[PDB]
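**Q** Dropping in the first section of the assembly, placed as in the complex:
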Amino acid sequence: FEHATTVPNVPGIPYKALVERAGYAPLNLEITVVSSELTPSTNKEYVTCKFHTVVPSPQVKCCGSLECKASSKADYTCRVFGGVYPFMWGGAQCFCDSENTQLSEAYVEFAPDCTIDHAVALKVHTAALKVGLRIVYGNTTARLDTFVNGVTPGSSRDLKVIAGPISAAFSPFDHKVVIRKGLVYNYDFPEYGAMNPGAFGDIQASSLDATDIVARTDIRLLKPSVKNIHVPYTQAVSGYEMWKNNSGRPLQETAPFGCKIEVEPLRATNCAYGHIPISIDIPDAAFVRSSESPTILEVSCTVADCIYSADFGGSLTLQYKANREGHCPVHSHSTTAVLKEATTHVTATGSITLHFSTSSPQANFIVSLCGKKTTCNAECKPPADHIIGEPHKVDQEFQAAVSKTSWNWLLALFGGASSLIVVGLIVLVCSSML
């Protein structure tokens, strides 16, 4: 017997329901989400880190004009200097007086510590959910994990679940993200093949050990002022360190709906934003005969000290007139009230107490005990505690949020004004008759 419903997305906050076949007894149904991860399909453009800006040895020849071929190495900057006359230890290095040529070479390369201190640039497409459910139908615990696509049944021993598509997934990741050491940033990195000096992604490669390193650091070779054999060069600062200087806060601190970002794989676990349609096919082994279940001949309810809040605040007493011994579920058939308990053992002619949570100052909600429905009407007080450590289990519907007496005053003034208009118009009609 399939049953369709819509569960809130929030992890925790167990969700109650009552399934009911025409010839079978009403049966408890529990749907609760223990985990929910958003795993998007991501591809990798480039890795980046500190460059080493290694400088090879000078190529000095003594009064012969030489030029350097354009090497394919990363950020290759090469220059020739005439009129040099080098000195390293041991005196002059060229015999020939004042026409010697020095060749200065410079190129960049990943630092030795780039295996840990590297940032990986990702493009993030649309994400899909993989939510874990616990189903407590017929006091039989069933833990499962299922995708939210509407086409994937959940692997269970005797249960079939379909998770309908999300109303609106919000995708916390932007189209371009950057991952550094488990910290995820929504950064608009430049495209591969586009580099700016002193900016993020100034040096790029397909992998950490890739040969095709590419960079456009603003490196310039200068003429050696002192008569030695050093290579004087200047270069713009690494954009990796300049990005770490003002990276801002990562996605683990700046993310909507309060869900935590994890890496390997990139995912956003325990997000709470929408609603999942659940089509669940309860096996018939849990459905029991209506004759076996003790029906309730008469039931009445009262509410004592209703405190409407996020906690299970509010107690209701049910006076039942059961016929035979057994146990059968309870349920609350209002969107504003959620009952704490699932089933109740009833022998005959007794009293039970139940706990519920509401977001409305008026408690006008129908309780179904074991098949039979009776409504309960009472008043609920606002809580004294301003801040509570657990989330609300019900949502305000904006019509039950207005209290019963405030509804009475507002409807009384509106009805008095409207009836005053009606009596004015009928006096007009009576006067026009004359």
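**A** Noted; the coordinates are in hand. Residues are numbered from 1 along each chain as shown, chains lettered A, B, ... in the order given.

**Q** Which residue ranges of chain A form helices?
**A** A:239-245, A:404-433 (DSSP state H).

**Q** by contact count, what packs against the shortest one?
**A** When you say that, I think you mean helix A:239-245. strand A:27-49 (3 or more CB pairs under 8 Å, 6 or more residues apart in numbering; DSSP states H and E). All C-beta spots, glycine's among them, are computed from the backbone N, C-alpha and C.

**Q** Can you point out the buried residues in the strand it packs on?
**A** Using 16 or more other CB atoms under 10 Å as the test for burial, strand A:27-49 gives A:27-33, A:36-40, A:42, A:45-49.

**Q** can you check stretch A:169-180 too?
**A** A:169, A:172-173, A:176-180.

**Q** same deal with stretch A:355-366?
**A** Neighbour counts over stretch A:355-366 (16+ other CB under 10 Å) mark A:356-363, A:365 as buried.

**Q** And for stretch A:307-317?
**A** In stretch A:307-317, residues buried by neighbour count (16+ other CB under 10 Å) are A:307-316.

**Q** Quick one: residues in contact with that stretch.
**A** The contact list for stretch A:307-317, computed with CB atoms under 8 Å, 6 or more residues apart in numbering, reads A:301-306, A:340, A:351-361, A:363, A:367, A:376, A:380-383, A:385, A:388, A:390-393.

**Q** mind listing which of the residues you listed are in strands?
**A** Counting by DSSP state E, the part of those found in strands is A:301-304, A:306, A:351-358, A:363, A:367, A:376, A:380-381.

**Q** do you know how far residue A:384 is from residue A:307?
**A** Separation of residue A:384 from residue A:307 (CB to CB, to the nearest Å): 9 Å.

**Q** right, I mislabeled it, should have said residue A:352
**A** Between residue A:352 and residue A:307 the distance is 20 Å, computed by CB to CB.

**Q** Same check on residue A:341?
**A** Distance of residue A:341 to residue A:307, computed by CB to CB: 18 Å.

**Q** let's put chain B on the structure above:
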Amino acid sequence: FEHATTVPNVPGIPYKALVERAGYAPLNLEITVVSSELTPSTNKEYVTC
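**A** Take a look at chain B, now in place beside the chains above:
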């Protein structure tokens, strides 16, 4: 829970109250002033005999 109430300053004479909570049962509250003392802040001006 914080209960704010008003008790007479009579020694002895137990004072009754009810602590009603929306999430718990009402509780008996007894307040008895077993003793009091009104100690002034004094200074010695002089001593004579």
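
**Q** again for the contacts of stretch A:307-317, since chain B is there now?
**A** Applying CB atoms under 8 Å, 6 or more residues apart in numbering or on different chains, the contact partners of stretch A:307-317 are A:301-306, A:340, A:351-361, A:363, A:367, A:376, A:380-383, A:385, A:388, A:390-393, B:22-23.

**Q** so how far does it reach from one end to the other?
**A** End-to-end distance for stretch A:307-317, by CA to CA, to the nearest Å: 15 Å.

**Q** how far does that stretch sit from the chain's center?
**A** 30 Å (CA atoms, centre = their mean, to the nearest Å).

**Q** now stretch A:126-146
**A** Computed by CA atoms, centre = their mean, the chain-centroid distance of stretch A:126-146 equals 18 Å.

**Q** among the contacts of stretch A:307-317, which ones are buried?
**A** Among the contacts of stretch A:307-317, those classed as buried by 16 or more other CB atoms under 10 Å in any protein chain shown are A:301, A:303, A:305-306, A:340, A:352, A:354, A:356-361, A:363, A:367, A:376, A:380, A:392-393, B:22-23.

**Q** doesn't residue A:96 make contact with residue A:60?
**A** No - using CB atoms under 8 Å, residue A:60 is not in contact with residue A:96, being 11.0 Å away.

**Q** Look up the residues forming beta bridges with the closest residue to chain B within the stretch 301-434 of chain A.
**A** In the stretch 301-434 of chain A, the residue that lies nearest chain B is residue A:307 (3.7 Å; CB to the nearest CB). Going by DSSP bridges, residue A:307 is paired in beta bridges with residue A:381.

**Q** Same question for residue A:132.
**A** Judged by DSSP bridges, the bridge partners of residue A:132 are residue A:35, residue A:145.

**Q** measure it to chain B for me?
**A** Going from residue A:132 to chain B by CB to the nearest CB, to the nearest Å gives 32 Å.

**Q** Quick check, that residue in contact with residue A:12.
**A** No - the pair residue A:132 / residue A:12 is not scored as a contact, 12.0 Å apart, by CB under 8 Å.

**Q** Which residues of chain A lie near chain B?
**A** Counting by CB under 8 Å from any CB of the partner chain, the positions of chain A adjacent to chain B are A:305-307, A:311, A:313, A:381, A:383.
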